[PDB]
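Engineer: pasting an experimental structure with its sequence.
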Amino acid sequence: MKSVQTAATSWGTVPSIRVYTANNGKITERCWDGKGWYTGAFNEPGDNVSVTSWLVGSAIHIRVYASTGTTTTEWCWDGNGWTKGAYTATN
């Protein structure tokens, strides 16, 4: 059976949770901050997704690795929007 592919990260004690879903070439984001799931700003092409995040003090930083074919693009959240990161790999 086919299925979408997800990746998840969380932080703090509430917690905040972010769940990324790769579905038929598109990666979208659902978010929890303690009071209901909502659709996040992240929307980028990809058939596979992984994620990691870390705090610096109270500030969250998220890195999402979105892959199409042999190309993995890193997307970066550092508090004010998603930008493309420096990640490269020779796949």
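Structural biologist: Nice, thanks for sending it over. Residues are numbered from 1 along each chain as shown.
Engineer: when you work out contacts or count neighbours from here on, use the C-alpha atoms and nothing else.
Structural biologist: Fine.
Engineer: show me where the chain has strands.
Structural biologist: Here the chain has its strands, by DSSP state E, at 5-11, 16-23, 26-32, 37-45, 48-56, 59-68, 71-77, 82-84.
Engineer: quick one: strands adjacent to the shortest one?
Structural biologist: Under the criterion DSSP bridges, strand 82-84 sits next to strand 71-77 (antiparallel) in its sheet.
Engineer: how about the third one?
Structural biologist: With DSSP bridges as the criterion, the sheet partners recorded for strand 26-32 are strand 16-23 (antiparallel), strand 37-45 (antiparallel).
Engineer: still on that earlier bit, closest one to residue 90 among the strands of the chain?
Structural biologist: Evaluated with C-alpha to C-alpha, the strands of the chain place strand 71-77 nearest to residue 90, the distance being 8.2 Å.
Engineer: now do that closest one against strand 48-56, angle only.
Structural biologist: 30 degrees (axes from the mean of the first three to the mean of the last three C-alpha atoms, to 10 degrees).
Engineer: report the contact partners of residue 39.
Structural biologist: By C-alpha atoms under 8 Å, 6 or more residues apart in numbering, residue 39 lies in contact with 28-31.
Engineer: got it, and residue 5?
Structural biologist: Applying C-alpha under 8 Å, 6+ apart to residue 5 gives the contacts 21-23, 48-49.
Engineer: just flag the most distant two among the residues you listed.
Structural biologist: The largest separation in these, counting by C-alpha to C-alpha, is between 23 and 49 at 10.0 Å.
Engineer: ok, residue 15 - how many residues close by?
Structural biologist: Residues within reach of residue 15, counting by other C-alpha atoms under 10 Å, total 11.
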